[PDB]
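Working notes, beginning with the structure itself.
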Amino acid sequence: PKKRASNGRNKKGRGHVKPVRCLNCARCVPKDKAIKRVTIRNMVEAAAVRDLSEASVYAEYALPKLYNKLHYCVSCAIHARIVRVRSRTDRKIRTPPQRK
Amino acid sequence: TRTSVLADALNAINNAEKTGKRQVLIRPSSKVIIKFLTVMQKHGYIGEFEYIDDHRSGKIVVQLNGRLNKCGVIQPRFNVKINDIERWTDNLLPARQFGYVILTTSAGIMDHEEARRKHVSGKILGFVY
Amino acid sequence: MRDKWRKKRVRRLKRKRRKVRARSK
Amino acid sequence: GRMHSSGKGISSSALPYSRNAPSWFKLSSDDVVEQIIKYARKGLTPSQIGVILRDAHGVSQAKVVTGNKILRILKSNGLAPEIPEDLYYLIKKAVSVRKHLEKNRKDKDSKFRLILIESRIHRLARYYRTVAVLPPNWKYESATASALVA
Amino acid sequence: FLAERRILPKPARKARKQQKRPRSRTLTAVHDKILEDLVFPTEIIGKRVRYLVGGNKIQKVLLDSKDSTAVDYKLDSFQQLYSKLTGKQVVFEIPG
Amino acid sequence: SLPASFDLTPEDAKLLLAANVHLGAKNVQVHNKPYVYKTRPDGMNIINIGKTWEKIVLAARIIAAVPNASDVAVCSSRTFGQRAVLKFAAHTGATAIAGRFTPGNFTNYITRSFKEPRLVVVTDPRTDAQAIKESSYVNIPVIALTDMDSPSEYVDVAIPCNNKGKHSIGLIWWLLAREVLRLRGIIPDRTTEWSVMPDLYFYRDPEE
Amino acid sequence: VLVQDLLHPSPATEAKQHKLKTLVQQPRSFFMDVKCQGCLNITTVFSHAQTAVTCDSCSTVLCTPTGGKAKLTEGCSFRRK
Amino acid sequence: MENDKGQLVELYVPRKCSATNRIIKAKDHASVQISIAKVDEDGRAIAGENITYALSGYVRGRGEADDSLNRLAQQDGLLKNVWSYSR
RNA sequence: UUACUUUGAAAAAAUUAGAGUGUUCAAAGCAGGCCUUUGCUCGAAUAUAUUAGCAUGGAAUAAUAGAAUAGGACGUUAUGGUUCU
RNA sequence: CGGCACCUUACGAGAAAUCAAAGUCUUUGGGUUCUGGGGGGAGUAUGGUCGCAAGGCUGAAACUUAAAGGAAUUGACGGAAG
Ligand SMILES: [Zn+2]
Numbered sequence: 002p003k004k005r006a007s008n009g010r011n012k013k014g015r016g017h018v019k020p021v022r023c024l025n026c027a028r029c030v031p032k033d034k035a036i037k038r039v040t041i042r043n044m045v046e047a048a049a050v051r052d053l054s055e056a057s058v059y060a061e062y063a064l065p066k067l068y069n070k071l072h073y074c075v076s077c078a079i080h081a082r083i084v085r086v087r088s089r090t091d092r093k094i095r096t097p098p099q100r101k
Numbered sequence: 002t003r004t005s006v007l008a009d010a011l012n013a014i015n016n017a018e019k020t021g022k023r024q025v026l027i028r029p030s031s032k033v034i035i036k037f038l039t040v041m042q043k044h045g046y047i048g049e050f051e052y053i054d055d056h057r058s059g060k061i062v063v064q065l066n067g068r069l070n071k072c073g074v075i076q077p078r079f080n081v082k083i084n085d086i087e088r089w090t091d092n093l094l095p096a097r098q099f100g101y102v103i104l105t106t107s108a109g110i111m112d113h114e115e116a117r118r119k120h121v122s123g124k125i126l127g128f129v130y
Numbered sequence: 001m002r003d004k005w006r007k008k009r010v011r012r013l014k015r016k017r018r019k020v021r022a023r024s025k
Numbered sequence: 002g003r004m005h006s007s008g009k010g011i012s013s014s015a016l017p018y019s020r021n022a023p024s025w026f027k028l029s030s031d032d033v034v035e036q037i038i039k040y041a042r043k044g045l046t047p048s049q050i051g052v053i054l055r056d057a058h059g060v061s062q063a064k065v066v067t068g069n070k071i072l073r074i075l076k077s078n079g080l081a082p083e084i085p086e087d088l089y090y091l092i093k094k095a096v097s098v099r100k101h102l103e104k105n106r107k108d109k110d111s112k113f114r115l116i117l118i119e120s121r122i123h124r125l126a127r128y129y130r131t132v133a134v135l136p137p138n139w140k141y142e143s144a145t146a147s148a149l150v151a
Numbered sequence: 088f089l090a091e092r093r094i095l096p097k098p099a100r101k102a103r104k105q106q107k108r109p110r111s112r113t114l115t116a117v118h119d120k121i122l123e124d125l126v127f128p129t130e131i132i133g134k135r136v137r138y139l140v141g142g143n144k145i146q147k148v149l150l151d152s153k154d155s156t157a158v159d160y161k162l163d164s165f166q167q168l169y170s171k172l173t174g175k176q177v178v179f180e181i182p183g
Numbered sequence: 002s003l004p005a006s007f008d009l010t011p012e013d014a015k016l017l018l019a020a021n022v023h024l025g026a027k028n029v030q031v032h033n034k035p036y037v038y039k040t041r042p043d044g045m046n047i048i049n050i051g052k053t054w055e056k057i058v059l060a061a062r063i064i065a066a067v068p069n070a071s072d073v074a075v076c077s078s079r080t081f082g083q084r085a086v087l088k089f090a091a092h093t094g095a096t097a098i099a100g101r102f103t104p105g106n107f108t109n110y111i112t113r114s115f116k117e118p119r120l121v122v123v124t125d126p127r128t129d130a131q132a133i134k135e136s137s138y139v140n141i142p143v144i145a146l147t148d149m150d151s152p153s154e155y156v157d158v159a160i161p162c163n164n165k166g167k168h169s170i171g172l173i174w175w176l177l178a179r180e181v182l183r184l185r186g187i188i189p190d191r192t193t194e195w196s197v198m199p200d201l202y203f204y205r206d207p208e209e
Numbered sequence: 002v003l004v005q006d007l008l009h010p011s012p013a014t015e016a017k018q019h020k021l022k023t024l025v026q027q028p029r030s031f032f033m034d035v036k037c038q039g040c041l042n043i044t045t046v047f048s049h050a051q052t053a054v055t056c057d058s059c060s061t062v063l064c065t066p067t068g069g070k071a072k073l074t075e076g077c078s079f080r081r082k
Numbered sequence: 001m002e003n004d005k006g007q008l009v010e011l012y013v014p015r016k017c018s019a020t021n022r023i024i025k026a027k028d029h030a031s032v033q034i035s036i037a038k039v040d041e042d043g044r045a046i047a048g049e050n051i052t053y054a055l056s057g058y059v060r061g062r063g064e065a066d067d068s069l070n071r072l073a074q075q076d077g078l079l080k081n082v083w084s085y086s087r
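Protein chains in written order, with the authors' numbering: chain b, 2 to 101; chain X, 2 to 130; chain AO, 1 to 25; chain O, 2 to 151; chain I, 88 to 183; chain B, 2 to 209; chain c, 2 to 82; chain W, 1 to 87.
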């Protein structure tokens, strides 16, 4: 039967969408279907931000962040637990999970 | 395209009556539509209805009284002999005691009972009950 | 079977039939 | 809608209910006729004549003022063009697209549009032939189109 | 004032051949014209026809609020003269 | 029709406006459109308190038409209305259902508090959706205090008011009690001040 | 809404309707009498004009066509007829 | 419905909805019958004397019961200028 | 100009439906019945056929033609001119 | 006004999943084109036709078989998650 009314992707009023390669396995996956995560991480772990600020020759030097956008295919993301299998009624919920 | 203004009018009436509305707006008007509404009004299936002049085909607003079970057209307008009225009334009406098959004869638009009274027949046009 | 390979199998088999029948032109 | 598209736009003009001239209109039934004839002699098509009339002279409708349509008056005074205006602009558009295709041979949307335009030309010419506006033997020729739309 | 137009009847199917009857000489157009003339100082802004439950049909005409001083006391005379001259019931009204 | 003594008095209009009964929710549904007088430019909708009063009088006449006073069940799941409904039951003799409404009170005849009211009055259709559903299962008419965003499914007579107000709920319930008792005749006439005060019927926090 | 007066809609919603979706369709456009600042000469101009109309007296453009209503130039005053 | 001799052979002529005139079926349990007391000019409820209306389960399910009561009571005088014919 | 529809005429007999008729009943048959007859005497109905053709009434419904370079209609006893019987 | 969609409900539809259309369908008739008649054999053989070829379009029968299949429920299992 039909599993999703959206067919698991985001293509409406469109014929073709150029593919993207999975970060983990390099599989060609359409850009709208790929599980996309935007990550803004600190470049230095919180343990070393102290000794590195003390070792810095600059007074009031801000440590730069590491900006990255990750693309995963469905198998990679499910395997890496980026997304999980949800119940029939919970599939419809499309608000971002309340963690952040 | 728009192939039957009688069909659009009766479909709008059917949808309003099934949804409980006591009025429906019909566009466009015509002579055949007005006389079909006149036969329904004469038999009490609708109340007063109104013709609006817009220097065009026109518009109609019909008042519904809740007595209408279903009204519809028969497309195409088959030629009907006097001997075919029995078959048409058998297929379309729920009983032998009420309901009318509307015909267009050269003597005018009329229900099958008046057509039987003056012994004329024409083309079937619709039904009401 | 995948059905995809079954149709292809017949395609390889239709090809053989055509060349063999062509022998006795 | 949109014979040759998927559009369903309903935009168009909405004529007023009143079929009489406005009370504020002061031009005569003659002065409108001479305005129409002056612009038609200046080369304006009936659409442009009517646009200029309402745009600068307040003639809301030539029918509600003069009593006759613009093309009917021109045909009554011998100033009606031989080819109807809309068929002329369709043939001219087909000529322009065909010249662009001959200079741009790898284009294919324009080839598709040319097929659409030529079918619309043939349908309109067929109508004008059935209503005897064009001769019954009138035929659109791609080779000789430039003469008609020169 | 009213105009004296000529009304050409709708010819029968077996009747002989004649000139094309213009639409101006039809029954509805002349009745509309005399109705419009009945209210000459004003101008009609709309026409409605009522199909009452009894079967009789009642006309209604919407007139402009401009120049309504010139016909407001002659509504009844207009109605009675037009009903005599045509046979249809007409009820004039200015929406105001 | 109705005597002019049933008209909105200036005194009642002062209570309703001072109690912000006329303040309706930002978004109004199509079924609640007739009750909005005008939208305030911030977004609040002004309630036609003349219509609120008239619906109150109609509802009180429906309550007065029920022969057995105990056959009327009054419900409120909101905490703001529990004291109001309890005092309404005390004064009028109705059967109060304060707090949680046990599903099956009208349909399951072996439950403990199985009642058979001829009429159910509800503070809010949204938080009392279960009670309305069962009334629509056992042919119970529903009287509801409705704001402009309240759903109107299975509610026959709607009293337009502010359901989310501390003073609005108490005042409206007091007004209903006063009118039902006026029609029943315990209070001699429509001009004598009632002993009960609108401060009574107001919800009190555990602080005060 | 089961019962509703279709023959007498509220004029507010009648004015909110599309011009083709009224009981009788009616244009929302009008014609204007435009006074240029330079002189005084009545020139009837359509509100939704597609032409850059110039008055006869002085060769000055009165309005510039836009997507909808024509835009009158500065110093030009209009009065609806 | 009557027989040849005229006797009313019909049992249970059913009720009809006051709003839509539909027949209220024998098992339409969402249908209600509102009874509204008549009030004399002294402000007293008249005992055992009521105005009665019936609404079909369709109207109640659609949420049109409130506007239907507004119309029926305004036409019968139970209310003034609360329901408007023109919207 | 039609189309359509009403009525009429037509569609062999046999067959079907169907009226009459105690083949002892019936399937059937088209017989038969009368006070007993040098004879008297009800019958053997009728419907239906159906596309095509024929005649007829009606002009709704659905087509078709008409007066736009007027090549238009009436002058019945309109004014003349060219002819033909 | 036009689009791409979406959220809630189900008057209504449906075997159900579900559906603002897959509704207005035994209360069956708005206009129109195409396709199917249990599963296989089989998109096979043959003939035709297009193609440089690969192949495309059209397209059977003999024979064989009582099911094949659709949606959903409970359980069992999973080198799936909590
Ligand atoms: Zn991957």
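Think of the CB as a built atom: it goes at the ideal place given N, C-alpha and C, for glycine as much as any other residue.
Pair within 8 Å by beta-carbon distance, residue i and residue j
i, j, result
"residue 8 of chain c", "residue 51 of chain X", "yes"
"residue 73 of chain W", "residue 59 of chain B", "yes"
"residue 142 of chain B", "residue 120 of chain B", "yes"
"residue 12 of chain b", "residue 42 of chain b", "no"
"residue 5 of chain B", "residue 50 of chain B", "no"
"residue 46 of chain c", "residue 31 of chain c", "no"
"residue 83 of chain X", "residue 102 of chain X", "no"
Residue i Cβ short of 7 Å to ligand 1 heavy atom set
i, result
"residue 29 of chain b", "no"
"residue 25 of chain b", "yes"
"residue 76 of chain B", "no"
"residue 76 of chain b", "yes"
"residue 73 of chain b", "yes"
Member of the options whose CA lies at the smallest distance from the CA of residue i
i, options, result
"residue 76 of chain c", "c:21, c:10, c:41", "c:41"
"residue 2 of chain c", "B:17, B:179, B:11, B:31", "B:31"
"residue 26 of chain c", "X:9, X:20, X:54", "X:54"
"residue 28 of chain B", "B:42, B:76, B:111, B:63", "B:42"
"residue 19 of chain b", "b:35, b:25, b:8", "b:35"
"residue 128 of chain B", "B:82, B:167, B:114, B:88", "B:82"
"residue 178 of chain B", "B:166, B:156, B:91", "B:91"
"residue 151 of chain O", "O:84, O:114, O:103", "O:84"
"residue 10 of chain b", "b:25, b:62, b:30", "b:30"
"residue 147 of chain O", "O:114, O:126, O:90", "O:90"
8 Å contact criterion, which residue i and residue j should meet: CB distance rounded
i, j, result
"residue 92 of chain O", "residue 141 of chain O", "7 Å"
"residue 39 of chain b", "residue 4 of chain b", "In fact, because the Cβ distance is near 27 Å, the residues do not count as touching under 8 Å."
"residue 99 of chain O", "residue 143 of chain O", "7 Å"
"residue 56 of chain W", "residue 22 of chain W", "5 Å"
"residue 190 of chain B", "residue 151 of chain B", "Rounded, the Cβ-Cβ distance is 34 Å, inconsistent with contact."
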